[PDB]
Structures are given as structure tokens and as C-alpha cells.
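Structure record follows, encoded as C-alpha cells.
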Amino acid sequence: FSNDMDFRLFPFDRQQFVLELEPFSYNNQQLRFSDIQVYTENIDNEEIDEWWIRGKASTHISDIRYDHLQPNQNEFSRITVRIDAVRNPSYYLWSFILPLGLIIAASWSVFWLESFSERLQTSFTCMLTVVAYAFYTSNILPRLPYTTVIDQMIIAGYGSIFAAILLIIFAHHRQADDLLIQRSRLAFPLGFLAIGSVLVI
Amino acid sequence: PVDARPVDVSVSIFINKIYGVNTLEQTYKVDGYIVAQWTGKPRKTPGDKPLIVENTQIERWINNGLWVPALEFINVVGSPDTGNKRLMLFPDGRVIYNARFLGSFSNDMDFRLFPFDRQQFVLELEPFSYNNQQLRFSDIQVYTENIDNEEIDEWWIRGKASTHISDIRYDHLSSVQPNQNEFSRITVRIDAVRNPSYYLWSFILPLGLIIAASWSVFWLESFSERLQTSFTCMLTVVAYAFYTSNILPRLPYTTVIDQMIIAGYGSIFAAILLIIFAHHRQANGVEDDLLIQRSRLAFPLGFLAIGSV
Amino acid sequence: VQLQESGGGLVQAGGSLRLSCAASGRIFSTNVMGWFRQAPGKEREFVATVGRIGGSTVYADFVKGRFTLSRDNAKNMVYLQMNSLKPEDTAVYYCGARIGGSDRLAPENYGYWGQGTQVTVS
Amino acid sequence: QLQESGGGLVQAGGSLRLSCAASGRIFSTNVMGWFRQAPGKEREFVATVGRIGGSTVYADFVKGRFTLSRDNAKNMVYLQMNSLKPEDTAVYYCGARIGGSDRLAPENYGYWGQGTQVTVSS
Amino acid sequence: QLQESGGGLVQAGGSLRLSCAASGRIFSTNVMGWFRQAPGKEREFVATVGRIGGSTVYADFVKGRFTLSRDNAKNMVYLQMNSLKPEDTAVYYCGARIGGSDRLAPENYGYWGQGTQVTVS
Amino acid sequence: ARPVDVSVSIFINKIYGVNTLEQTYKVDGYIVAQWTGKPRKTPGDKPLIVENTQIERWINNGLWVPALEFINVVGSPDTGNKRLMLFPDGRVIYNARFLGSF
Ligand SMILES: CCCCCCCCCCCCO[C@@H]1O[C@H](CO)[C@@H](O[C@H]2O[C@H](CO)[C@@H](O)[C@H](O)[C@H]2O)[C@H](O)[C@H]1O
């Protein structure tokens with residue numbers, strides 16, 4: 001069954017699974033739905049299930065009027081069922097988001113190295129570590145035509161490491177002093193989290 | 001001794017969704033309904049009201065002499081999945097055929113501008129056995145989905161559905177009676193543009209940061225540092241190439257993203273050459289061409305120059 | 001996005017009205033707009049909105065072919081031609097915009113409600 | 001570059017044989033298609049080769065009167081027109097398919113020639 | 001922890017209402033089921049809820065004589081037993097399903113209660 | 001009694017879906033088979049078209065429609081519409097759409 005599904009807030013997305021039923025040949029002058037009842041599965045423990053069903057099943061009985069079709073014969077009776085569900089973010093928080101945070105955070109440690117050469121070279125290994133991680137994620141997470149929450153973190157990582165590379169070069173090649181601005185070990189994680197906050201609007 | 005005019009068939013096609021694009025096979029799935037309406041032989045019906053004949057009961061009416069011509073999808077790949085089907089038989093001879101279908105359709109698709117490509121999804125309809133002297137299409141109406149917000153959509157529809165009615169003349173029909181080798185054809189076209197948001201923010205942007213960062217090797221102080229770091233840059237593009245391949249669609253040609261990957265390889269490789277050249281150019285041992293090593297601006301500009309073409 | 005309803009008023013049983021909802025702001029189309037109503041004490045209930053497929057329109061079970069939804073995408077408006085009114089139809093008719101989800105009949109999937117237009121049948 | 005010819009004035013029911021000469025970078029003649037445009041009206045499709053070998057696509061108004069032939073060696077295509085009518089009076093162009101997937105859509109054709117005038121009088 | 005009650009002595013043909021109080025991490029009473037064990041015999045299934053809404057699974061000897069209900073408010077289940085016969089004499093236990101893929105399998109139940117004796121003459 | 005001469009035409013719309021490991025590929029097209037059978041009566045003594053499910057009815061009554069097998073097809077091909085044109089003089093033209101893995 002198809003429906004309008006929005007996965008942008010993945011892995012914290014909620015979905016409405018819908019069933020729509022209608023007579024194929026008989027309009028509501030010949031066949032009309034009088035009532036609809038829905039019975040679902042009895043759940044023991046939801047921690048093992050991919051989705052969590054929040055609330056009872058909603059139902060509707062409406063009329064669909066078709067322009068392309070005697071008078072009052074262009075209207076069909078329709079049943080609609082809706083099952084509201086919420087994804088289980090557990091797996092994605094521990095195996096995907098958390099390791100990605102330690103990676104981004106770990107990349108902030110380049111400011112604690114005591115040499116331009118060491119700061120700029122280790123940054124490349126950090127960049128390589130985010131790319132290696134983007135493959136691991138894409139190989140498991142679902143395909144979509146838009147970015148998710150995890151995709152934005154990955155982009156944030158790319159931006160952090162790239163920004164740090166520009167700061168490492170500027171500090172060292174602007175003067176001949178350098179080590180003092182490299183004492184931005186606190187200023188960088190805050191600017192990232194600062195931007196990281198305005199991204200959540 | 002006077003011939004009978006052709007049977008006119010009015011057609012309405014309802015398109016629910018177009019999805020499941022297979023880039024290599026140049027196919028796509030289409031779910032919808034097809035309605036065909038013509039006037040046949042007058043007949044008796046219960047209470048002289050329109051009669052509804054559904055699914056397998058249709059074949060019982062065919063066996064007893066009801067005429068239901070086969071309409072074939074010219075560009076459907078394989079037998080389409082037919083759901084419910086219906087005949088509405090009127091006393092005056094009118095017949096309305098309504099059926100649900102899901103099929104894989106083929107088309108000419110060019111993805112070289114990916115992810116900024118534009119496609120034309122088509123359905124071609126034609127009677128399987130009756131020529132345009134026996135059966136012709138008189139008109140074709142197309143209806144499509146009412147889109148709320150296309151932001152979450154893989155494809156962005158542009159314009160209303162286009163339609164054509166035309167005659168297909170075949171040169172290899174055994175018998176050769178005058179004007180008996182042409183068939184009526186319906187063509188419907190849906191125009192769409194790919195939503196490139198996901199590919200811009202997750203593929204093109206990081207690749208630009210990776211290639212740009214590779215230009216920082218010219219800011220390292222020792223030749224040994226510039227060379228060994230380039231190999232980390234080379235390894236970073238290879239890593240990205242694998243991440244690309246595993247997600248992008250398979251194609252027999254390079255896309256925009258594929259050319260950026262190639263451009264990063266060349267740049268990094270060209271830098272390895274420039275690094276080695278400057279350090280051995282003077283062929284004396286003190287090769288310290290800092291002037292060319294000061295191409296931290298000229299190398300990105302040389303890159304941007306070659307890419308503009 | 002801002003919506004403003006209009007066209008209400010008083011009418012006797014069997015009369016007629018034509019409600020109008022003007023959309024102002026960032027809207028992709030009028031397909032996303034739907035009519036609702038709420039009588040005193042009763043929940044806000046769905047009335048009508050466009051269907052998923054072209055040429056189709058979704059109507060509440062109580063419409064019974066009396067109301068008809070129409071739109072002027074140019075003027076960015078939707079109209080609700082109400083005929084054969086009855087006392088039970090008295091309510092405040094709001095105008096919502098589908099904010100997502102796949103339940104056109106669900107008010108929870110609508111927002112940017114207007115101030116509402118009062119309709120009363122005697 | 002495309003160049004048409006064969007046009008001319010003719011009485012109702014007469015014939016013409018339009019010719020299109022291709023010069024440059026065209027793989028074969030399968031790409032060329034005949035169009036026409038009358039004063040005021042938009043340019044419309046007339047004929048071109050079909051997808052599968054042996055088939056040819058004609059506009060609904062042709063009604064078997066016109067025939068498309070080709071000479072892949074000389075890189076030319078001919079439109080043998082018969083039983084001409086006043087309604088066939090227009091400028092007949094010769095275009096080359098670029099891409100897309102709609103042999104009948106002028107939007108997917110380019111490299112139009114100057115055209116050739118066809119006039120049918122009574 | 002689970003605790004049974006409601007057992008006792010009843011005449012052949014009489015009724016009893018067993019009760020099972022549930023305490024602890026139990027989101028719903030669906031996981032609970034009834035069992036019985038006579039001296040010398042193995043613990044045999046009696047009743048638990050069905051997978052799909054509205055269904056309940058009963059042992060083949062029940063034959064419509066027993067009825068499992070639940071009071072999610074008090075977080076409890078009840079086994080209403082009617083038309084009791086001497087064959088039903090046993091200790092009736094209350095268990096909680098702790099995973100597995102077999103509602104009728106004692107192996108998939110833990111947190112058993114002390115049991116409550118049912119005796120029919 | 002001489003053998004029946006069958007003239008065959010094959011239209012190939014598409015060749016795609018190569019499977020390298022299994023050494024297979026997909027082909028979509030039509031197969032036309034013409035041959036002359038026994039003379040027969042038809043409505044108005046004109047060429048008669050029989051489509052799909054009605055073909056079987058004719059075989060039961062005596063019509064000879066021999067099965068032509070794709071030697072190198074993998075599994076049953078997906079046969080779409082199929083057709084018989086029956087002439088009073090005995091000519092038969094069998095036409096059918098097919099998609100198969102070869
Ligand atoms: C300062 C150092 C900077 C280094 C810069 C290096 C930049 C390298 C850019 C790589 C570009 C690759 O671009 C490549 O273009 C060629 C030639 O058009 C295309 O080539 C292909 O298409 C063309 C048509 O255009 C066909 O005629 C040709 O037979 C086929 O090979 C490739 O499909 C594409 O991949």
C-alpha cells in the first residue's frame with residue numbers, strides 16, 4: 001500500500017499507515033458503507049519492534065465524487081483506516097548517531113597538537129574518517145530523495161573539519177602568535193554547537 | 001456492398017503514481033486506471049438499466065459473442081499487472097471498459113545531466129489486432145495526481161499531461177489491401193524534473209570540500225609532507241568514490257558527479273607531479289622552487305579554469 | 001500562510017450560500033485547502049477537500065451531494081456552494097490547510113485555520 | 001543544417017514531393033521529421049519514422065495521403081504528398097530530433113530549416 | 001512476581017474464579033497465561049490471549065468451560081472455570097510470557113506464581 | 001503429405017537486463033508465424049481475428065496451432081496479447097507479444 005510518508009525527521013519520524021477501500025463499480029446509490037471496525041495485533045513488548053503504535057486505529061466513511069463520470073451517479077462510498085506509528089530510534093541513536101558524535105568531537109582534538117604540520121595532517125585523517133563513516137551509514141539507512149537528521153550531522157562534520165583546516169592554515173600563514181589562536185580548543189566546539197543549535201529551528 | 005465506418009473509441013487514462021525508475025533499463029512503473037468507451041451492438045439488459053459486469057464474468061460475455069478489442073501498451077515491458085476490471089453495458093450498444101493496471105514501461109531516458117536531469121514519462125496505447133479502418137481512437141483525456149507540496153517528492157512534475165493521437169503505418173503486413181496497414185495510437189507524455197536537493201547537499205558539496213582541502217598540501221612546509229599527504233587526499237577521493245557508487249544510479253555514461261570525482265583525481269595527481277617537479281626541477285639538490293610552491297592560489301585557479309570549459 | 005473565510009450568514013431551511021476562503025502567503029496550490037465545521041459542543045469535523053486524483057473530491061457523509069467544492073487557482077481561492085441547507089448544518093465553518101500526513105479527512109493534519117465564518121439555518 | 005525543397009502551389013487534389021537535405025553531424029536519417037505551421041496556428045507534427053523497423057508515424061490528419069521515404073546514402077528524406085486540400089496550406093518545416101521521448105513533440109526537435117511554402121487553392 | 005488465588009474445593013459441575021495479581025514491569029496483561037499441573041503429570045497449558053484482537057487461546061480440554069478475562073486497571077487476569085469435573089483437579093499456575101514464539105509452551109513463561117489448588121470431587 | 005511451410009517474422013523492441021554470471025539477457029518483441037492450413041468458414045468469409053482466450057476455444061474445435069518453442073529461453077516467457085487471423089483459404093497468421101530471459 002502507498003501513502004504520503006515524510007522521513008525528513010528520520011530516525012525520529014512518525015507515520016500514518018492508511019488503508020482506503022471503495023467499491024470498484026457501484027456508486028453510493030447502489031452500494032454504501034455503513035460502518036467500519038478495525039482490529040489489530042495484541043502486543044507483548046514493543047522494545048523489539050521497529051514501530052510503536054500510538055493510539056487506536058482511526059476510521060472514516062466519506063463520499064468521493066468523480067467529475068469524469070444520470071445525475072447523482074458519480075459518487076462512491078469510501079472507507080479510510082489510519083494506524084499512527086512512531087519509529088524506534090534506539091538502534092539509530094546507539095549505532096549511528098553516537099559514534100558519529102565521538103568522531104566529530106574527536107576531530108576537535110586537532111587543536112591540541114603542538115605543530116602546524118601535525119594539525120593539518122591529522123585533520124585529513126579526520127576527514128577520511130567522516131567519509132568512511134558516510135559509507136557505513138548509507139549502506140544501511142534507507143534511500144530517500146532528501147536529507148535526514150543523520151545526513152545533516154555528516155555534513156556538519158565535513159564543515160567542521162573543513163573549517164578547522166582553514167583556521168589551521170590562517171593562524172600559521174598570517175603571521176610569524178600562531179600557537180595562541182590555536183588555543184581556540186574551546187571556541188571551536190561552541191561555534192559548532194552554536195550553529196548546531198540554530199540548525200534545530 | 002457498403003463498408004462500415006470504423007468504431008470510435010474514447011479513452012481516459014488516470015495516472016496514480018510514476019515511480020521505480022530503473023536507470024540502466026530505462027524503465028519506470030506506472031499505476032493507474034484506463035477507461036475505454038465505444039458503441040457496439042444494441043442488447044437487452046435487466047430492467048433496461050446499465051449493466052455492470054466485473055472481472056471473470058467478462059470472459060463469459062466474450063464467449064457468448066460480446067466484442068471487447070484488446071488494447072495493448074506498446075511500451076510496456078512484460079505483461080502488466082491488472083487488478084479489477086469492469087464492463088458497463090448499455091442497452092443502446094455502448095460499452096465502457098474500466099480496469100486497474102500496474103506495469104513497467106520503457107522510454108528513452110537521458111541521465112547525463114544527473115542530478116539536474118529532465119525526463120518525459122510516456123504511455124503508448126494501440127489496438128493489438130484492429131487497424132484504423134476497423135477501430136480508431138477519437139479522443140484521449142488524461143488525469144494526474146493533485147500534488148500538495150513537491151518538496152518531499154523525488155520528481156517535480158512540470159506542465160499538464162501532453163497527449164497525441166496518430167497513425168502508425170507498418171510496411172511488413174502480409175496482406176496488402178489498400179489502406180489496411182495503419183493503426184491508431186494514443187501517446188501520453190508526463191514531464192518532470194528531478195529533485196536535486198539530496199544530491200546537492202550530500203554529494204556535490206562534500207566533494208567540493210574534499211577537493212578544495214586537497215589544495216592545502218601546497219601550504220605544508222617540507223616536500224616529504226606535501227607528497228605523503230596527497231596520498232591521504234587520493235585515498236579520501238577513492239573512499240568517496242565508493243560512497244558515491246553505492247548510492248548513485250548505474251549508468252553507461254558519466255554524470256556531473258562522476259566528472260567531479262575524476263576532476264579530484266586529476267587535481268591530486270597533478271599536485272603530486274607539481275610537488276615532485278618543484279623539489280627536483282633544479283636538478284641540483286637544493287631544488288626549492290618556493291615561487292612555484294607558492295601556487296597555493298594558482299593551482300586552485302588553474303583547476304577552476306580547466307573546469308569552466 | 002494566512003486564510004480568511006467569508007460568505008456566511010443566516011438562511012432558512014432549503015436555502016443556499018457560497019463560502020469563500022482566500023489564501024495569502026506561501027502556498028503551493030489550493031489542493032491543500034479543506035473546509036471544516038464545528039457546531040457548539042460538537043468537535044470540528046471534516047466537510048470537503050480535493051481528492052488525490054484529478055476530478056475527484058472528498059465529501060463528508062452528511063453532505064449527501066448538497067455541497068460542491070470549486071477553486072480558482074489564479075485568484076488563489078476555493079469556494080463551497082452549499083445548497084438544500086438544513087438546521088443540522090448550523091456551525092462555524094473554518095478553512096484549514098493540509099500541513100502534511102496522509103489523512104485528508106483528519107483535522108490534525110491541517111493548520112493555519114482562519115477566524116471562521118458563522119452559518120445558521122432555521 | 002537542414003534545407004527543405006519541393007514546395008509550390010497546387011490545385012485541390014494535387015500532389016507535391018517535399019525533400020529535406022541533411023548536411024553535417026547526423027548519424028542517420030531516422031532522426032528527421034516533417035512539421036508544418038500555418039499563419040497564426042502553432043507548428044504541428046506531420047510525419048517521421050517509427051521506433052520499430054518498418055513503421056512510420058503520421059499525424060491524424062494525414063489519413064494515408066502522405067508518405068515518408070528516405071535515402072540514407074544521400075542523407076535525405078522525402079514527403080510524397082497526395083490528395084492535397086486547402087487545409088494543407090502551410091509552411092512545411094524539416095526538423096531533427098534531439099532527445100526526450102516524443103517523436104510527435106516539436107519541443108524535442110531542432111535545427112529547423114527555413115521551411116517551404118505549400119499552397120492549395122480552389 | 002505473580003500471585004494466584006481463588007482455588008478451593010468444589011463439587012463436580014460447580015464453578016470457580018481464579019485470580020492472578022501481577023506486579024512489576026508488565027506493560028499489559030496480554031503476556032499472562034494460565035497453566036495447571038496435577039500430581040505426577042506435566043504442567044499443561046490452559047489459556048492465554050490470542051495474537052489478534054478479540055481472540056483467546058484455550059487448551060483442548062477446556063471445551064468452552066473456562067473463560068480468560070483481564071482487568072488492565074488492576075493489572076490482572078481472571079480464569080472463570082465452569083462445569084468443573086474431577087479431571088480438572090490440579091494446581092493452577094499463572095505465568096508471564098517472556099519472549100519465544102509459542103503462546104502454548106511453558107518453556108516461554110517465567111515469573112510463575114506459587115499456584116492455587118483446585119480440587120473437584 | 002508435404003510439410004507445412006511456416007514463415008516467421010520476429011520484431012525485437014529491446015535487449016536489456018544482461019546477467020553476466022548467469023549469461024542471460026531479456027528480450028521484448030513480437031513473433032509472427034504465418035502458414036496455410038485447412039480451408040474453413042469464417043464470418044462473412046472474411047479474415048477472422050481471434051484474440052487471447054478465444055484462441056483456445058478454436059483449438060478445441062479442430063484448429064491446428066503448433067507450439068513454437070524458444071530453445072534458449074530461461075523459464076516460461078511472459079506472453080502478453082496474442083492473436084490469430086484466420087482466412088477462408090486456410091491461411092493462419094499467429095501474432096503474439098513476448099518478454100523472455102534468454
Ligand atoms: C590543475 C590541475 C587540474 C586538473 C583538472 C582535471 C579535470 C578533469 C576533468 C575530467 C572530465 C571528464 O570529462 C569527460 O569528458 C569526455 C570528453 O567530453 C567525455 O567523453 C565521452 O563523451 C564524449 C561526448 O562528450 C564522447 O564523444 C566520447 O567518446 C566519450 O568518451 C566523458 O564522458 C567525460 O567523463
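Just so it is clear: chains get the letters A, B, ... in the order the sequence lines come, proteins before strands, and each one is counted from 1.
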Measuring heavy-atom distances to chain C, does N72(A) have an atom under 4.5 Å in its side chain, in its backbone, in both, or in neither?
neither

With a 4.5 angstrom heavy-atom cut-off, is it the side chain or the backbone of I64(A) that approaches chain C, or both, or neither?
both

Could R66(C) and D89(C) be called an ion pair, given the rule that one side-chain N must be under 4.0 Å from one carboxylate O?
yes

Tell me whether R44(C) forms a cation-pi arrangement with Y94(C), defined as NZ or CZ under 6.0 Å from the six-membered ring centre and within 45 degrees of its axis.
yes

Among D4(A), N28(A), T80(A), which has the most heavy-atom pairs under 4.5 Å with chain C?
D4(A)

Quick one: are the ring centres of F46(C) and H60(A) less than 6.0 Å apart?
no

Ring centroid separation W35(C) to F67(C) under 6.0 Å
no

